[PDB]
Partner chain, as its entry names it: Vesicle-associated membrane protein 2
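Listed next as structure tokens is one chain, alone, in the form solved without its partner chain.
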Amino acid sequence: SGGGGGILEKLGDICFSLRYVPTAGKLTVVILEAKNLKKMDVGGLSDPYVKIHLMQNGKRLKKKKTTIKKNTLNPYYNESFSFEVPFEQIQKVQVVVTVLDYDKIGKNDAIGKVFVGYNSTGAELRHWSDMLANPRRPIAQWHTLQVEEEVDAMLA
């Protein structure tokens, strides 16, 4: 129950898998696809890429990013990323996933973001809990993107 703050924001959705291997402390995130993304270019679509941050206690510990897909609101990525998180800390971290529009000049604006892990709620918490309940198994799930203002207030 609960969560769902981004549902009516019409920013789009992201699908990714999570896998956690406790013995090795290996956390794997596969960015699969995004859909229904907000348009971010005047006269056009968006040039989306995805950023992943590992966080704890308001600090960005590690940063990864996908390749950029041009001129689409429904990008497919299928790009894998791994992090090292010891099992004693896996319930105390966040994985933050942000979709942005690449612009050749100017700060790249976020479309929206979500996080899973500590302090996550709703479908975000469910995905994380499913990952932890099933060591070694990747679990794929869709998530609704939420405005950065809101998500960042929860992460800070």
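Numbering follows the first chain given and starts at 1. In this text, rigid core is short for the largest set of C-alphas that superpose within 1.5 Å between two forms.
There is another form of this protein, the form deposited with its partner chain bound, and it is not shown here; the text below is about that form.
Contact check for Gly106: a non-hydrogen atom falls within 4.5 Å of its partner chain in the bound PDB entry. In the bound PDB entry, its partner chain sits within 4.5 Å of a heavy atom belonging to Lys65. For the partner-free chain shown, just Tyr49 of 45 to 63 comes within 4.5 angstroms of its partner chain in the bound PDB entry, judged by any non-hydrogen atom. The Cα position of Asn108 differs by 2 Å or more between this form and the one not shown after fitting on the rigid core.
Annotation for the pair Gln146/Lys104: C-alpha atoms approach each other in the bound PDB entry, by 3 Å or more compared with this form. Relative to this form, in the bound PDB entry the C-alpha atoms of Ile105 and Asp109 approach one another by 3 angstroms or more.
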